[PDB]
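The structure appears right after this line, and notes come after that.
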Amino acid sequence: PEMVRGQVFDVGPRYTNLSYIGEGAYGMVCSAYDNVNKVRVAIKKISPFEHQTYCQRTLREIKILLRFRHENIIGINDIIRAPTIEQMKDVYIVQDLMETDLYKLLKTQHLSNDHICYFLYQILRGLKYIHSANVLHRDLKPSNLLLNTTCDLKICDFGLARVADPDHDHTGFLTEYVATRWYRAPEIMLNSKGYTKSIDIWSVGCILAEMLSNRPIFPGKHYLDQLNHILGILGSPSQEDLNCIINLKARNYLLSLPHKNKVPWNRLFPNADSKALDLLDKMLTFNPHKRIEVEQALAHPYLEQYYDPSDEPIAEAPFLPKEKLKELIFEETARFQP
Ligand SMILES: CC(=O)NCc1ccc2[nH]ncc2c1
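Note that the sequence shown covers residues 11 to 329, 338 to 356 in the authors' numbering.
Set out below in structure tokens:
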């Protein structure tokens with residue numbers, strides 16, 4: 011039984027020569043030589059079985075990623091676990107090894123306009139597929155966008171994903187939310203559960219802005235401070251957009267704020283391509299009903315050199339206590355067993 015950083019990393023004889031990568035949500039991450047395909051691979055250890063939430067998220071991701079097949083979405087290549095429920099304490103998910111991710115790249119590398127364009131294209135191409143399956147990722151951020159040595163990009167981490175449910179999207183003001191703060195659309199803090207596709211487009215807009223400067227655009231330090239970062243750049247919502255927020259606590263909060271003017275994108279991003287800023291503006295639209303959709307974003311002039319809807323595939327179809343969820347993780351991973 012191989013050990014890494016003083017813990018069992020029990021990946022069998024198939025996978026050998028482990029090197030520590032980093033530290034996931036529910037366990038450790040390593041590379042390993044795959045003795046069957048003769049390539050190094052990434053493997054993450056997942057120990058979710060005590061907690062119903064870690065079980066829920068583990069199972070959501072497994073079910074989604076096994077059903078999806080797309081060049082810009084990470085696959086599951088193998089899953090390692092014990093032969094019986096009783097002996098299964100952990101699950102190992104094997105995926106393609108990727109050199110880096112966008113978070114690491116942004117902290118260390120200047121991106122050319124050509125790189126930004128290509129990364130954005132790949133993100134949206136992957137997102138077209140996800141949305142075509144009626145699924146929302148709900149936690150798009152640089153550290154969930156993996157890149158290889160030739161800058162192929164794959165979206166990962168579907169633990170917070172949901173089926174879209176726009177008829178149940180409304181909630182009150184200051185309703186708590188789980189997904190990463192800096193990439194949360196303004197409506198999350200006002201009146202949205204994050205059950206519509208527009209939530210993901212906002213996050214992509216934040217990612218685009220961060221590619222342009224290497225700095226997150228709206229780095230809020232706490233729940234409501236996130237909204238006030240957004241409003242500091244977008245400025246005060248218009249009457250029409252304010253009138254769409256029927257909830258009085260949310261509406262009156264916005265009305266209580268002093269008038270803020272829009273910060274022009276070309277002053278925030280003086281070296282950016284003008285077509286990139288036109289698309290950014292459309293993704294970072296305050297009103298989620300007016301926000302650009304994924305397929306429109308692909309068709310935007312900024313992406314013209316890549317846009318090819320015949321080569322931007324869609325999914326073939328649309329997509338509980340911890341004891342039942344352990345059984346379900348066991349069943350879902352059975353296809354990888356001898
Ligand atoms: C967000 C996440 O789950 N990161 C860990 C991870 C997953 C797959 C990976 N492939 N290559 C490297 C690598 C890292």
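By construction, the Cβ of each residue, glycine as well, lies at the ideal position given by its N, Cα and C atoms.
Since I believe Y317 is in contact with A286 (beta carbons under 8 Å), could you give me their beta-carbon distance rounded to a whole number of angstroms? Not a contact, Cβ separation roughly 14 Å.
In whole angstroms, what is the alpha-carbon distance linking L107 and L222? Approximately 26 Å, taken between the alpha carbons.
Between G34 and ligand 1, is the CB less than 8 Å from at least one heavy atom? Under cutoff, so the answer is yes.
According to DSSP, simplified to helix, strand and coil, what is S248? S248 falls in the coil class under three-state DSSP.
In the structure shown, what three-state DSSP assignment does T118 receive? Assignment of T118 by DSSP, reduced to helix, strand and coil, places it in the helix class.
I217 in three-state terms, based on DSSP: Of the three classes helix, strand and coil, the one that applies to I217 here is helix, per DSSP.
Measuring only the C-alpha atoms, how far is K99 from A42? Straight-line Cα distance between these residues: approximately 21 Å.
My output table needs one value for residue 334: the three-state DSSP class, helix, strand or coil. Position 329 is followed directly by 338 in the chain, which means residue 334 is not present among the coordinates.
State the DSSP-derived secondary structure class of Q355, mapped to helix, strand or coil. Collapsing the DSSP output to three states places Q355 in coil.
Does DSSP put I95 in a helix, in a strand, or in coil? Here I95 carries a coil assignment [DSSP, helix/strand/coil].
Look at the Cβ atom of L137, then the Cβ atom of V214, and state whether they are nearer than 9 Å. Yes, the Cβ-Cβ distance between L137 and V214 is below 9 Å.
From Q105 to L265, what distance separates their C-alpha atoms? Straight-line Cα distance between these residues: approximately 48 Å.
For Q66, does the three-state DSSP call read helix, strand or coil? Looking at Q66 - three-state DSSP - the assignment turns out to be helix.
State the beta-bridge partners of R50 as determined by DSSP. Partner residues in the beta bridge of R50, as assigned by DSSP, are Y43.
Segment limits, beta strand (DSSP E) that includes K164: Run containing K164: 163-165, per the beta strand (DSSP E) assignment.
So who's on the other strand from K55, going by DSSP bridges? Beta bridge pairing from DSSP links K55 with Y102.
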